[PDB]
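Report on one structure; see the data block that follows.
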There are 2 protein chains.
Amino acid sequence: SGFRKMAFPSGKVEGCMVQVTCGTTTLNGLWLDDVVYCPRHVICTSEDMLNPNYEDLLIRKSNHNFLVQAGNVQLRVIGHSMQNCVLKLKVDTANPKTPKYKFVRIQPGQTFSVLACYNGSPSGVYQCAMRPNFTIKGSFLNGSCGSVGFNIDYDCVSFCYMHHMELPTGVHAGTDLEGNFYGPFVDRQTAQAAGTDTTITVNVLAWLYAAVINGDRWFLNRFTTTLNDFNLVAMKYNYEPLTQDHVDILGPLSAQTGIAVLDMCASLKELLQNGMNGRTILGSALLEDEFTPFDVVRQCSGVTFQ
Amino acid sequence: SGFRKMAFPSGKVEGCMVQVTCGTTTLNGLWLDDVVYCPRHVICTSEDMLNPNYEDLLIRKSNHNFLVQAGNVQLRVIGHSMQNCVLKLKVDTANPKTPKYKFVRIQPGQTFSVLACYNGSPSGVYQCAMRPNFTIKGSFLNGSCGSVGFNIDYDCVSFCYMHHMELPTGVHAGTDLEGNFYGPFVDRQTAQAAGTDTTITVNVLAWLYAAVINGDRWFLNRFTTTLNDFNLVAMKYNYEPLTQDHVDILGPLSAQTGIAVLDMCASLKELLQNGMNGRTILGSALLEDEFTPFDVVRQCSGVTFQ
Ligand SMILES: *[C@H](O)[C@H](C[C@@H]1CCNC1=O)NC(=O)[C@H](CC(C)C)NC(=O)[C@@H](NC(=O)OCc1ccccc1)C(C)C
Ligand SMILES: *[C@H](O)[C@H](C[C@@H]1CCNC1=O)NC(=O)[C@H](CC(C)C)NC(=O)[C@@H](NC(=O)OCc1ccccc1)C(C)C
């Protein structure tokens with residue numbers, strides 16, 4: 001037993017990380033088949049970033065202005081193009097470590113693993129959630145741009161995030177692998193509002209089911225509630241409204257534990273109204289919302305990948 | 001910026017995981033050069049585990065009783081031996097993916113990454129700490145035994161933990177890679193006491209320095225204290241006593257932030273005496289002790305590996 005915030009094994013993604021240099025700026029790229037993907041602001045000087053005309057800036061660049069380095073293997077760039085906020089550098093060599101992969105645009109509330117990288121070399125791996133306001137709460141320094149977020153289904157890597165920027169909150173924003181930002185953000189150094197975040201209710205419930213599976217059951221109360229009744233409590237506390245789609249998603253956990261979803265909701269409602277009274281759940285003094293129902297099920301059934 | 005519990009990239013370790021079967025029992029092994037390492041209780045039936053005579057049980061086994069499977073690559077066993085609580089199976093093939101590696105016995109309070117595995121295939125990666133009472137708080141199911149904990153120094157993997165068992169607390173116990181248990185535990189299905197745990201004071205301070213580096217400074221108070229004065233508060237709250245060795249280890253963080261260690265101690269003392277008053281630090285409502293000073297420094301300087 002036990003419950004931990006667990007990332008996917010990162011080996012398949014490690015084999016795809018490269019270093020991309022244009023001028024003095026160096027960031028990370030993702031090398032898949034014969035294409036390297038990276039944030040387009042690799043082409044900017046520090047001054048360009050205040051208000052870059054990326055088309056005009058890219059026109060001044062040629063294939064040989066982009067240095068792509070894979071460890072010490074070094075790639076010849078034979079084509080470049082800009083797709084939304086990413087550059088696609090065509091290289092003369094297919095990555096021999098390319099895994100089976102897909103590009104996906106994830107939904108708010110979903111989770112993924114981030115492989116944090118600098119100069120094209122992995123530093124660490126951690127799990128997180130796409131917030132309802134399309135930010136993530138990551139750990140990113142200068143040079144981390146181009147680091148990617150991903151999920152694994154057995155042998156297939158689904159890439160879902162590429163890091164671009166940090167917002168005036170310490171929160172992080174980026175794009176999918178077609179270069180479209182999650183949320184309203186643009187790749188410019190100018191003040192930008194994230195907007196109000198909300199707590200991912202279905203993930204909190206999943207985590208309460210995790211707790212029960214692992215022996216933590218003090219919060220299991222006596223009451224029940226209704227969807228509307230619970231949803232009134234939800235928006236008081238800036239939780240996303242629960243839907244029948246969410247109830248259905250929680251079905252397997254409900255069947256494993258014998259606790260109806262609406263009964264679990266009544267426990268959550270009391271936790272929101274009364275706090276935790278200095279107690280903890282699964283080692284936490286806060287209600288955790290960065291585990292999806294699938295995350296809980298994979299961790300309590302031992303799903304593997306390779 | 002931002003601060004996350006970050007594991008090491010696991011690719012180098014993924015390449016070493018194998019499946020070991022003896023009779024009906026299947027667990028994970030670590031394949032390095034031409035030796036596979038795994039918990040010796042792979043040789044036990046469910047009934048043997050109540051009080052196994054491992055020498056007597058191992059005598060009934062021959063090389064061909066051990067099935068070692070690496071993905072679908074399958075290894076010929078040409079020798080076996082028991083070292084403390086691990087078996088060493090000699091195989092006829094050196095692992096072509098063997099990284100530069102070392103076997104280390106870590107100290108309580110240190111951290112390492114765990115690659116959780118089932119049937120020889122990685123499921124997830126997460127960071128944790130060797131508690132002062134030589135347990136870890138992991139996430140481990142049936143079949144996870146033989147999963148390993150490790151640290152990376154650039155290209156060298158230092159293996160420090162192999163998982164063996166779960167204790168009547170939901171906590172986990174295991175050995176180093178020479179098969180010596182951390183703590184007083186034995187590999188027998190019989191009730192076993194872990195003993196009182198304590199909070200790792202130097203790690204809490206490191207995490208408070210992390211917080212200041214990342215803008216969380218509300219807890220920075222006005223007071224100072226002394227080592228003895230703080231150490232009296234420490235043992236009231238079952239924190240390890242702080243030593244001058246710990247003060248020196250915190251030197252670089254003290255120099256980066258301009259906060260004397262004893263000033264930070266005075267903040268910690270007030271947090272222990274008064275609680276957090278419903279506030280959070282780095283997204284947590286509890287004082288976190290599973291980041292070492294080195295962990296903080298690597299995450300706030302961007303150290304990479306390959
Ligand atoms: C690329 O690796 C780099 C990663 C960030 C450095 C520190 N943390 C990070 O995640 N990203 C950048 O340098 C971007 C480049 C832009 C997109 C052209 N810049 C930023 O992330 C800045 N943030 C920003 O401009 O957001 C708007 C803003 C916020 C606050 C105040 C003014 C503007 C960041 C370095 C401030
Ligand atoms: C091997 O993969 C397995 C992993 C554990 C299964 C569930 N969680 C795990 O980490 N380990 C075992 O099956 C060991 C085998 C022993 C060492 C021969 N057994 C256990 O971990 C049991 N724990 C145990 O015997 O500890 C003492 C005890 C505790 C509580 C009550 C009675 C005895 C565990 C399966 C209870």
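Chain A is the first sequence line, chain B the second, and so forth, proteins listed ahead of strands; every chain is numbered from 1. Side-chain atoms are counted along with the backbone in the values below, which use heavy atoms only and exclude waters and symmetry mates.
If you measure heavy-atom distances from A:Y118 to chain B, the contacts under 4.5 Å come from both the backbone and the side chain. Contact annotation for A:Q299: both backbone and side-chain heavy atoms come within less than 4.5 Å of a heavy atom of chain B. The parts of A:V125 that come within reach of chain B are both its backbone and its side chain, each placing non-hydrogen atoms under 4.5 angstrom from that chain. Interface remark: A:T280 contributes side-chain atoms only to the contact with chain B (heavy atom separation under 4.5 Å). Using a 4.5 Å cut-off between heavy atoms, B:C128 touches chain A through backbone and side chain atoms alike.
A distance-only check finds no donor-acceptor pair linking the side chain of A:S121 to the backbone of B:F305 [under 3.5 Å]. B:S10 places a side-chain N or O within 3.5 Å of a backbone atom of A:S10 that can act as its donor or acceptor partner. Counting only distance, with no hydrogens or angles, the side chain of A:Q306 and the backbone of B:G71 share no donor-acceptor pair below 3.5 Å.
Ion pairing between a basic and an acidic side chain is recognised when a charged N comes within 4.0 Å of a carboxylate O; B:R4 and A:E290 show such pairing.
Here the straight-line distance linking atom CG of B:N214 with atom OG of A:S139 works out to 7.5 Å at 0.5 Å rounding. In this structure, the separation between OG1 on B:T304 and CE on A:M17 is 12.0 Å, given to the nearest 0.5 Å.
At most 12 non-hydrogen atoms from other residues, nucleotides or ligands lie less than 6.0 angstrom from CZ of A:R217.
Highest contact tally toward chain A, considering only B:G2, B:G11, B:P122, B:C117, is held by B:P122 [criterion: heavy-atom pairs under 4.5 Å].
Contact detail for A:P9 and B:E14: the closest heavy-atom pair is CB-OE2, 3.4 Å.
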